[PDB]
Amino acid sequence: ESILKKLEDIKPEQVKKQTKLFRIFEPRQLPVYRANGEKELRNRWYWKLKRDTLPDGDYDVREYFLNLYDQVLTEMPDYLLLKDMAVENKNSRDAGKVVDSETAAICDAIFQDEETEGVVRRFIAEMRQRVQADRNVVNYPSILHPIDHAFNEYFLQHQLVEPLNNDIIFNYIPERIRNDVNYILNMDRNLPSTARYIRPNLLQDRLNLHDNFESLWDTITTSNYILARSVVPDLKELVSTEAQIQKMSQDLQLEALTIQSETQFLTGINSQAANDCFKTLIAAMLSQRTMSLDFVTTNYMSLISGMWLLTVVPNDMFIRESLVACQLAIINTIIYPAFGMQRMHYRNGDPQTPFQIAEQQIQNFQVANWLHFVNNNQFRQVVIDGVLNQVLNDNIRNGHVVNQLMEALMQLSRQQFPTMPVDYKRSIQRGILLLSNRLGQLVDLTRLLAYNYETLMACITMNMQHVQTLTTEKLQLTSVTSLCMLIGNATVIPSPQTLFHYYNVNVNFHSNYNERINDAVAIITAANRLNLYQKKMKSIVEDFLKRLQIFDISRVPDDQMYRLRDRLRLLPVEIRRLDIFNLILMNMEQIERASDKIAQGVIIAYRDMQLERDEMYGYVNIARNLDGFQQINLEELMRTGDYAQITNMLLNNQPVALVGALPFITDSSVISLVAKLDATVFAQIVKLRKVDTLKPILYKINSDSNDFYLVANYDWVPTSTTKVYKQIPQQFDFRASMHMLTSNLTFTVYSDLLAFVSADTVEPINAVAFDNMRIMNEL
Amino acid sequence: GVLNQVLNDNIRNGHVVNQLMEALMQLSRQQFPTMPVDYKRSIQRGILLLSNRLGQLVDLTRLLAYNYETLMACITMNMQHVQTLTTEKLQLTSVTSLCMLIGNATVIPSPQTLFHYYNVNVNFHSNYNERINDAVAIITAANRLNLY
Amino acid sequence: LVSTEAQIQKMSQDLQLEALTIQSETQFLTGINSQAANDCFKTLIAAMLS
Amino acid sequence: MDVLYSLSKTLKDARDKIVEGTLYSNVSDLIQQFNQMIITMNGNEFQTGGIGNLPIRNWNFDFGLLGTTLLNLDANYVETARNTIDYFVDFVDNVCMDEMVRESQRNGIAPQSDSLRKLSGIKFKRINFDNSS
């Protein structure tokens, strides 16, 4: 089946390993200039963006930072061992190591450079790793920008690996499987103190998909049903179908020349149907998938088998119409004719089931008592080991309800059927006799069903929610008759390997569900906090559903995806993702202001302002802040398209600051500055009513300028009427950028803990139930 | 100077759809005492089909009201409300299509579309008034010229 | 507009009309398409305007 | 006060109606109300205070629901119900005694004991039923 392939193909979680330190910045050599703009012989190292690709426009900058958040989440590891990143520092006095190779490249470049101070070279020569083998720790020197250091330190200090030992592996098994005397567990390895593992995230459904997402819940329950069917054990040593058919024929006294109801009693009795019924019942209860009853009213054996089925299975497991039809057939074919009561005229849509009316109307104590039990047999909602489970009545689990049903049936057999021909009573008696010749087998079968159900229920990790599903699983009542007539004395219980496989599939699905929820929640919350008002989030949710691997997103409308978005939006963000986003939020302004492609704005003043002195520029018309200037937001202007204010300010020469991520032209020409070209780039705003084409001029006046002699020969400090709202790069201080990154020296991470557990079963003949008695007790 | 037929403000902002949602959410919780249960389930699931599109229906109501107001700004003759002889037949299946297929793509009248609509309305109104003037002038002249 | 195929399959799955005993099983979801949605939008706004 | 009265009324109805041999239809609504009370009280810790010589008493509710399976109530059912009812009656009597021995000048109509103050929270409003006294 394709559904089973999709569900069992899910892998636990791709474990992420870090191979290099995450870096947004790198050192870079730049020429420096004196206060008068003359080039100094020495160069200087500055922090620059490694990949300077920030876009134009504030909205696109926030989009860039959402994309960077996605990148960091991708690069964040589950664990880290720094020795894997460690490389030789060739200038180390002790021939030690540093992390990563990028740090080694920086160290080599700084050490070999002739302009480096000898103190920096001493410091590089002192850079080596320290191993504390007793604590299983190692520290490595690294050269990182403060933001790079923050991110990498967060990765180091928030790894997902935990210590692994034999006790943890054993406790990974569900508590009910360990508490079961029918299974013997064994291990042949002592896991070392350096063993590690990653816990699955088994949080219970935060989206409550069982509530109002009926199509998605139908898909989930169908997947669960298919998996449960795959794990439900097969019935062994069933009674021979031919022998049982012969015995049933002898008991029914089939007559060749007469048309008889009893003939149909043999319809559809085979081992395939028996196994199908067993699997359907246990799988439907495990997945909590609604069942539908299929039967032919002319088959009275189907009705007696349905009496057993409604005795043992809580009636909310059946779609209401099918349950009502089956109960009405039972009442009008067996019970009321037995007691001489007028046929029940049952209305479709009655608030009461036929059995409730019959219970109120039947004066026989045994029949009415069994009717009352069937009416009130419900699942019990119980949280066991943190998972909500649907638990059967203890009298179902031990099989005493079978005795109550048999008492009712024996009372029915003793009735006279006053208003019926005697052959009708004979047919009903023959059906009851077929059922009651296997009373011990029925008790055994009820106990076996209950035991298999609870044993496989121990392997469910997600809450078992009892809600009627959109579609049903059809259960044929002839299959129930087959199971009742052909079940032998062979006890079949889930294999320990089957239990572990089922539990592992459930854990994989649950962990994937929770991890994808976390991813979607992080992305949605980040996009909301980054004010991405033009972003339609459907894609996110679409991706989310695609990664659950069991839904066909082509069948999911957009309204449902946006309802999922609304539910996800209310969940808190996972701690690691939330902290990473907090770092990005805290440092995004500094990351953006480091870009050489964009400026943070342009101040249009209409007075001469002396160009600022900055060693890495000479003279430059940079504004460190927008103080003393009215601010026009370029993003709001582009969104609203109303250019009246900016047009009026430009036409009236009113000083202003146009604020927003802008590209700029770098112009080193002194003549261009004297020509006042930077003030000529704003008339196009008035002409075309567009600011996406705005590209202010950034003057860079220094000795590399062709006409720098004018600055030199006239004691003249350059002045401009326009300034570029921009920041200057931060100097690279080698000593300040050195951080000792600490990690564990070595450990081994393990994926499948149950691989270390070998489990076997006791002899099935000696397998016991919750009440300490054997599951099956017939000879 | 133009009479206009305007909507309740709760329609314009789309808030009343919530009330509709509330109402029909209640209808999804009702027992339907004597109804057969499969038909009851089908009705309740259809009610929920409309209910679960609350955001889409609020957006649709706001879009419809905004488009109506914007195009009504372009009307020049009084919007007189009279029950007409013949009607425009509206299929409720088309209403179902609109309710179940509307996304979140805002569509507003183009400025050129608004100007064209306003120009056609102005031309029709002016021609109406001018032809009234011509007819009245000729009738009055014929009467005052005693053209019995 | 929402994909007509997706919405139609969703509505069919939710309504479970085939499982009912409605004499008109096919006619239930007929007329549900983008053309009908556009026609409804136009008809409503135009009727209110005129 | 209405929640405390409803607890006492449910307990009185249980004592009067949960009797051996009675039809379950005579107690169905009462059993539902009693199970609602059990659900509402479960997981809640109460303390009846030590004002005067009244002993300080702690109350924990971890009771299972009453059964719905018997057509007629038998002796086992009545015994289990008796155990639960006895604990609840002790709790209600102690809460009433704690409330009776207290008084306030500012708000004398409001609850004075901490148990009755807790029972005035919304989570217990489910317990409230027929107020006919």
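Note: hydrogens, waters and symmetry copies are ignored here, and every other heavy atom, side chains too, is used. Below, chains carry the letters A, B, ... as their sequence lines are ordered, and counting in each starts from 1.
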Legend entry - Value rounded to 0.5 Å, distance of CG in B:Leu54 from CG in A:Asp559: 11.0 Å
Inset, instruction - To the nearest 0.5 angstrom, please state how far the CG atom of B:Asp59 sits from the OH atom of A:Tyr562. - result: 9.5 Å
Legend entry - Crowding at OH, B:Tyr66 (>12 non-hydrogen neighbours, <6.0 Å): no
Inset, instruction - Take atom CZ of B:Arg29 as the centre, draw a 6.0 Å sphere, and report whether it contains more than 12 heavy atoms from other residues, nucleotides or ligands. - result: yes
Legend entry - Side chain proximity check, B:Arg41 to A:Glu321, heavy atoms < 4.5 angstrom: yes
Inset, instruction - Kindly check if the number of other-residue, nucleotide or ligand heavy atoms within 6.0 Å of NZ (A:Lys546) is above 12? - result: yes
Legend entry - Exceeds 12 heavy-atom contacts within 6.0 angstrom, atom CZ of B:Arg144: no
Inset, instruction - Answer yes or no: is there a side-chain heavy-atom contact under 4.5 Å between A:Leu470 and B:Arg45? - result: yes
Inset, instruction - With the side chain counted from C-beta on, respond yes when B:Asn52 and A:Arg563 share a heavy-atom pair under 4.5 Å apart, and no when they do not. - result: yes
Legend entry - Any side-chain heavy-atom pair of A:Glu214 and B:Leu49 under 4.5 Å: no
Inset, instruction - Please check if atom CZ in A:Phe551 has more than 12 non-hydrogen atoms from other residues, nucleotides or ligands closer than 6.0 Å. - result: yes
Legend entry - Enclosure of A:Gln534 CD (heavy-atom neighbours >12, cutoff 6.0 Å): yes
Legend entry - B:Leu48 side chain near A:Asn212 side chain, heavy-atom distance below 4.5 Å: yes
Inset, instruction - First locate atom CG of A:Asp558, then atom CG of B:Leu101, and finally report the distance between them rounded to the nearest 0.5 Å. - result: 10.0 Å
Inset, instruction - Kindly give the heavy-atom pair with the smallest separation between B:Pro33 and A:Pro351, and that separation in Å. - result: O-CD, 4.3 Å
Legend entry - Toward chain B, the part of A:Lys536 with a non-hydrogen atom under 4.5 Å: side chain
Legend entry - NE2 (B:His125) with more than 12 external heavy atoms under 6.0 Å: yes
